[PDB]
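Asks: Submitted below is the structure of interest, expressed as structure tokens.
What follows is calculated from the coordinates using simple rules that are stated; it is not laboratory data. We place every Cβ from the backbone using ideal geometry, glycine too, and count neighbours over all the protein chains shown.
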Amino acid sequence: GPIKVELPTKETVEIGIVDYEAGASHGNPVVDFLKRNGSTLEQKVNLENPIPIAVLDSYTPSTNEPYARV
Amino acid sequence: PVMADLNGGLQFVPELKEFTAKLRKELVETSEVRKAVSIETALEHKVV
């Protein structure tokens with residue numbers, strides 16, 4: 001994969017490549033090293049509390065033929 | 001009264017404090033770098 005550096009403008013620009021290749025192994029050392037040293041950037045950001053929207057009821061049809069054909 | 005200088009020529013080095021700090025910094029940096037590289041190589045070997 002690409003390795004990029006964060007510029008002063010908060011823009012990530014490629015400056016290198018990670019290129020690991022190995023035969024028989026028990027794990028990927030790159031992921032272990034990155035997990036141990038760096039931090040994981042999760043795109044999904046949970047809210048302080050969940051916001052329930054609605055509870056809805058759906059009745060499954062007796063016959064699956066129309067859905068199967070469509 | 002006599003002033004014996006048993007300094008071993010330590011006065012002749014210029015900027016003795018800064019030079020001593022540089023020596024200690026070099027030794028510490030080499031030691032820490034080697035220790036970190038050895039630990040990471042060991043962890044890579046163990047995971048592989």
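Asks: Looking for whichever is of a type in the set (D, E, K, R), over 30 Å from A:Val30 (Cα atoms) and either surrounded by 11 or more Cβ atoms within 10 Å (Cβ to Cβ) or touching a residue at least 12 places away in the same chain (Cβ under 8 Å) (or both) here; the options are B:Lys17, B:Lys46, B:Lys22. Which one fits?
Replies: B:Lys22
Asks: Another one. What's the number of the only condition in (1) within 30 Å of B:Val48 (Cα to Cα); (2) in contact with a strand residue (DSSP E or B) (Cβ under 9 Å, 6 or more places away or on another chain) that A:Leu7 fails to meet?
Replies: (1)
Asks: How do the pairs read when you match residues in the range A:20-33 that are at the interface with chain B (Cβ under 8 Å from one of its Cβ atoms) with residues anywhere that are outside any loop (DSSP other than H, G, I, E, B), using Cβ under 6 Å and keeping only pairs 6 or more apart or on different chains?
Replies: A:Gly27/B:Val47; A:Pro29/B:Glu44; A:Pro29/B:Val47; A:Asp32/B:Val47
Asks: Filtering the range A:34-68 down to residues that are under 30 Å from B:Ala36 (Cβ atoms) and part of a loop (DSSP other than H, G, I, E, B), which residue is nearest to the other protein chains (Cβ to nearest Cβ)?
Replies: Filtering first and then ranking leaves A:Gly38.
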